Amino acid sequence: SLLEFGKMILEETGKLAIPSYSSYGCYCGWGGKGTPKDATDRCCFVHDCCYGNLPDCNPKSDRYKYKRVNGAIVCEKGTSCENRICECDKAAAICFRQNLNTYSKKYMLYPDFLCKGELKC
């Protein structure tokens, strides 16, 4: 659920999900169109696509458990939807950490009309 995804992001990057990653670029947040603006936005695009592979799951409200083995994020065994949601979130969190160096505040509250073009998952 968003509760877990948020904690995961804070732990990884030191930034709070809202508002560092809730209105960033074209895909971090509501976002569903155009070309991702940068690497961080690409993390959100892939994350959206990952959720897209689970039509009968509810990633926003479905809660899962995960532990930290010294750095490493380890998804704990739950229902199959829970396990797959967790893997999607874990990947996004790592992708965010990996691209912290290029995160630009000029992409926060990014305008909708500038999200142009198209990209299939």
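For clarity, a rigid core is taken as the largest C-alpha set superposing within 1.5 Å between two forms. Each residue number is its position in the shown sequence, starting from 1.
Displacement analysis by core superposition in 8 other deposited structures of this protein ranks 108-116 above the other of 108-116 and 9-17 in root-mean-square C-alpha distance from the shown form. Relative to the displayed structure, the C-alphas of 24-32 lie farther away on average in 8 other deposited structures of this protein than those of the other candidate, with 24-32 and 77-85 compared after rigid core superposition. Between the stretches 38-46 and 65-73, it is 65-73 that shows the larger average CA temperature factor. As recorded in the PDB entry, 28-36 is the stretch of 85-93 and 28-36 with the greater mean C-alpha temperature factor.
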